[PDB]
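Q: Could you work out the structure for the sequence below:
(4 chains, ligands or ions: 3)
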Amino acid sequence: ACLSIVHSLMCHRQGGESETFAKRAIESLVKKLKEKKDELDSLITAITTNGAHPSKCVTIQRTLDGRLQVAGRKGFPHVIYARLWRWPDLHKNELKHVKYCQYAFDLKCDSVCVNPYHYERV
Amino acid sequence: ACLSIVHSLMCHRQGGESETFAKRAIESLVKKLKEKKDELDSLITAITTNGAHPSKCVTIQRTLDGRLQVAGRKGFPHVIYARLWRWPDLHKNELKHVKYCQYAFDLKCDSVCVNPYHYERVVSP
DNA sequence: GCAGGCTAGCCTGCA
DNA sequence: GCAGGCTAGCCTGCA
Ligand SMILES: [Cl-]
Ligand SMILES: [Zn+2]
Ligand SMILES: [Zn+2]
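A: Numbers count the residues shown, from 1 in each chain, chains lettered A, B, ... in the order given. Ligands and ions are numbered 1, 2, ... in the order given. Provided below are the atomic coordinates:
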């Protein structure tokens, strides 16, 4: 079910993290999108087609400091997933959201867009 | 739980429908957004400020045929809420979605955006 | 567990 | 081929 989805998404990882961390990060994200069909499908089709066409926001709940914990490690959620699928060498303060993103990290909403195609590297 | 949201939204109705119809339409929408905090806040702020600043999509589940039933009446959900808060005289095929709307009626997604400020009025062909 | 109300989905009657 | 009406299924207020 989710295991089938995870594996397809793992095939697009850029190697900027260990296999165990990437699996942990993907499983965590997929579980959160299990009851959000449209957003899950937006993530899968944007990852696979390399953000060819505009995609919908893929959101998760924002924490107070804005950091997500995956396998005992903390980091910004939009950074973790942009590093994972687009920029393995991504650093701090290198991500600027696209104009059409509604839940971009910087907006400090209750939700964060972790769609890596909703950010451009700067 | 919170009927204070329904009351504040009822104050912005344009009178194109009966008080009873409007109350049922708003109650139905608010119940669907009860566990979607961001979407509910985007709706309240968009209505109150007359869509001054860009707002997020306010979505509900799409039915098979696209129509929503409220108080025994069926209609397109984006039309029902655009009539209620923006155009009381609104007719069929007079809405066109804004470029930044992700869940527009026309896209036939799982979800339908009912944010009236995510649609602009057009002349029917 | 139960009473009762709301509506998506299905069906039909005029067109 | 639509508009609109009927109701199974789902949900909730209840004691
Ligand atoms: Cl009204
Ligand atoms: Zn986004
Ligand atoms: Zn929208």
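Q: By residue count, which helix of chain A is the longest?
A: The longest helix of chain A (DSSP state H) is helix A:19-32.
Q: in chain A, what residue is nearest ligand 3?
A: Using C-beta to the ion, the single residue of chain A nearest to ligand 3 is residue A:102, 8.6 Å away. Quick note: C-beta positions are derived from backbone N, CA and C, even for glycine.
Q: Next, count neighbours for that residue.
A: Summarising burial for residue A:102: neighbours were counted as other C-beta atoms under 10 Å in any protein chain shown, giving 23.
Q: what about it, distance to ligand 1?
A: Relative to ligand 1, residue A:102 is positioned 27 Å away (C-beta to the ion, to the nearest Å).
Q: what's near enough to touch that residue?
A: A:57, A:113, B:56-57, B:100, B:102 (C-beta atoms under 8 Å, 6 or more residues apart in numbering or on different chains).
Q: For the longest helix of chain A, buried residues please.
A: By 16 or more other C-beta atoms under 10 Å in any protein chain shown, the buried positions in helix A:19-32 come out as A:21-30, A:32.
Q: Assign the closest residue to DNA strand D within chain A to helix, strand or coil.
A: Distances between chain A and DNA strand D by C-beta to the nearest atom of the strand are smallest at residue A:35, namely 12.8 Å. Using DSSP: H, G, I helix; E, B strand; the rest coil, the secondary structure recorded for residue A:35 is coil.
Q: neighbours around it, how many?
A: Each residue near residue A:35 was counted by other C-beta under 10 Å, and the total is 8.
Q: try the one 4 residues further on
A: Here the count is done by other C-beta under 10 Å, and residue A:39 has 23 residues near it.
Q: what's the closest non-adjacent residue to it?
A: Leaving out its chain neighbours, the residue that sits closest to residue A:39 by C-beta to C-beta, 6 or more residues apart in numbering or on different chains is residue A:58, at 5.0 Å.
Q: tell me the contacts of the one you found?
A: Listed by C-beta under 8 Å, 6+ apart, the contact set of residue A:58 reads A:33, A:39-40, A:42-43, A:46, A:113-115, A:118.
Q: repeat that with 6 Å
A: For residue A:58, the residues meeting the contact criterion (C-beta atoms under 6 Å, 6 or more residues apart in numbering or on different chains) are A:39, A:42-43, A:114-115.
Q: Spatially, what comes nearest to residue A:27 if we skip its sequence neighbours?
A: Counting by C-beta to C-beta, 6+ apart, the nearest residue to residue A:27 once its immediate chain neighbours are dropped is residue A:6, at 5.8 Å.
Q: Against chain B, how distant is the one you found?
A: Summarising the geometry, the distance separating residue A:6 from chain B, computed by C-beta to the nearest C-beta, to the nearest Å, is 21 Å.
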